[PDB]
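As structure tokens, the structure follows; a few thoughts come after it.
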Amino acid sequence: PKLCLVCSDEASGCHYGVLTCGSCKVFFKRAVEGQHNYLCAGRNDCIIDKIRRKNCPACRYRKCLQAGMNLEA
Amino acid sequence: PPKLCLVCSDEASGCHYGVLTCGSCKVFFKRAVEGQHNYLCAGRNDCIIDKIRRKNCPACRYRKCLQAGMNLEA
DNA sequence: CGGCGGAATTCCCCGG
DNA sequence: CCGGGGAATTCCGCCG
Ligand SMILES: [Zn+2]
Ligand SMILES: [Zn+2]
Ligand SMILES: [Zn+2]
Ligand SMILES: [Zn+2]
């Protein structure tokens, strides 16, 4: 019944404050500590789902932050 | 000098599969044309393809390859 | 020779 | 951790 609030894939639980799948959990972790600067090839509104989440780390990371994901939480 | 890749605008290494392109776009088209051919765009299918952003959308990059006229028979 | 196709190699993101 | 797979550079075979 329950889905990841970022990519809509089935969630593994509440990670960093937000209900997410394992891949988004690990992605957000790597993004914050990598101090990554991502660039969208689109309009920064990109569709993020199970398949398309690979395409735009920028919009995926943005969705993580907007969903409320945080390292200390 | 110089000449630019007609796909991503990076410097072109020569004429590959009929079109002036960089090395990276050469091997990309090779992989894509023999691949699963299912690529999906997360955008509006207008995604900007340049040296920085060409990794982001295989679908749009492949489309630009085709539009530029790239083919295996060349 | 130089140009092109292409395989091989290296690098890195992704996800189980 | 690990393996899978794409990206891009490197290296080689062929031919005009
Ligand atoms: Zn997710
Ligand atoms: Zn995007
Ligand atoms: Zn190119
Ligand atoms: Zn696109």
Side-chain angles (χ1 to χ4, degrees), chain A residues 2-42 44 46-67 69-71, chain B residues 1-43 45-74:
Chain A
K2 265 195 175 186
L3 310 173
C4 171
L5 285 176
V6 178
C7 72
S8 293
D9 195 16
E10 321 210 332
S12 64
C14 181
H15 302 294
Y16 303 112
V18 179
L19 184 67
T20 55
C21 71
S23 68
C24 286
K25 171 194 73 192
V26 174
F27 172 84
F28 177 75
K29 169 73 171 178
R30 290 172 171 156
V32 174
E33 307 195 332
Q35 300 293 359
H36 290 149
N37 300 121
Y38 293 136
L39 179 55
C40 176
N44 271 335
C46 284
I47 301 287
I48 301 295
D49 57 32
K50 184 174 177 59
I51 303 183
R52 291 173 174 92
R53 63 190 184 202
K54 282 185 173 66
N55 296 21
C56 195
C59 289
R60 189 183 188 179
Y61 186 41
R62 175 184 49 78
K63 281 186 182 296
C64 288
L65 297 173
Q66 280 168 357
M69 297 189 71
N70 190 282
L71 274 199
Chain B
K3 314 175 305 315
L4 304 184
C5 172
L6 285 174
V7 177
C8 72
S9 291
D10 193 14
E11 188 178 353
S13 63
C15 184
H16 302 295
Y17 301 116
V19 179
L20 186 64
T21 55
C22 69
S24 73
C25 283
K26 178 191 80 176
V27 295
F28 171 83
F29 178 74
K30 173 70 176 180
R31 291 192 303 265
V33 76
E34 305 187 332
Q36 295 296 291
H37 212 248
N38 50 2
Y39 294 141
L40 299 173
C41 178
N45 296 97
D46 45 15
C47 291
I48 293 166
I49 302 295
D50 57 18
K51 185 177 179 58
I52 304 177
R53 288 164 274 196
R54 64 192 179 199
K55 290 181 177 65
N56 296 31
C57 197
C60 283
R61 190 181 187 176
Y62 182 56
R63 172 180 50 80
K64 289 193 75 179
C65 287
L66 294 175
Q67 263 165 353
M70 299 185 71
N71 64 287
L72 280 194
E73 262 329 286

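Side chains included, hydrogens not; waters and symmetry mates left out as well; all remaining heavy atoms used. Chain naming here is simple, since letters A, B, ... match the order of the sequence lines and numbering starts at 1 in each.
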Nearest-angstrom distance from the residue atom NE2 of A/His15 to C1' of C/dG15: 13 Å
Atom-to-atom span, OH of A/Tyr61 to P of C/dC13 - whole angstrom: 15 Å
Interatomic distance, B/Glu73 CD vs C/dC4 P [rounded to whole Å]: 17 Å
Between P of C/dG15 and CD1 of A/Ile48, the distance in whole Å: 11 Å
Under 3.5 Å, is there a donor-acceptor pair between the side chain of A/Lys50 and the main chain of A/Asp9? no
Non-hydrogen side-chain atoms of B/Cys57 and B/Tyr39 separated by less than 4.5 Å: no
Between C/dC14 atom P and A/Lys50 atom NZ, what is the distance in whole Å? 14 Å
Side chain of A/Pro57, heavy atoms from C-beta onward: which of C/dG6, C/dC14, C/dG15 has the nearest atom to it? C/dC14
What residues 27-41 of chain B contributes to the DNA chain D interface at heavy-atom separation below 4.0 Å is B/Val27, B/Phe28, B/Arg31
Using every non-hydrogen atom in the two residues, find where B/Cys8 and B/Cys25 come nearest and quote the distance to one decimal. SG-SG, 3.8 Å
d(CG, B/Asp10; P, D/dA7) in whole Å: 15 Å
For C/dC13, take OP1 and OP2 only and decide whether either is under 4.0 Å from a side-chain N or O of B/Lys55. no
Let me know the distance between CZ of A/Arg52 and P of C/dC14, rounded to the nearest Å. 17 Å
Side-chain H-bond candidate by donor/acceptor type, B/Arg61 with B/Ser24, under 3.5 Å: yes
Any chance you could lay out the ring-ring contact (aromatic ring centres under 6.0 Å, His included) test for B/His37 and B/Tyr62, step after step, and finish with the verdict? CA-CA 9 Å; B/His37 212 248; B/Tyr62 182 56; 5.3 Å; yes
Greater than 12 external heavy atoms within 6.0 Å of B/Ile52's CD1: no
Taking CG from A/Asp49 and P from C/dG15, how many angstroms apart are they, rounded to a whole number? 11 Å
Looking at D/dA8, I'd like to know if its phosphate oxygens (OP1 or OP2) sit under 4.0 Å from a side-chain N or O belonging to B/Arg61. yes
With sugar-phosphate meaning primed atoms plus P, OP1 and OP2, does B/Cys15 contact a base, only sugar-phosphate, or nothing at under 4.0 Å between heavy atoms? sugar-phosphate
Would you classify A/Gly22 as touching base, sugar-phosphate or nothing, given that sugar-phosphate means primed atoms plus P, OP1 and OP2, and contacts are heavy atoms under 4.0 Å? nothing
Checking side chain to side chain contact (heavy atoms under 4.5 Å, CB included) against A/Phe28, which of A/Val6, A/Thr20, A/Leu71 comes through? A/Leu71
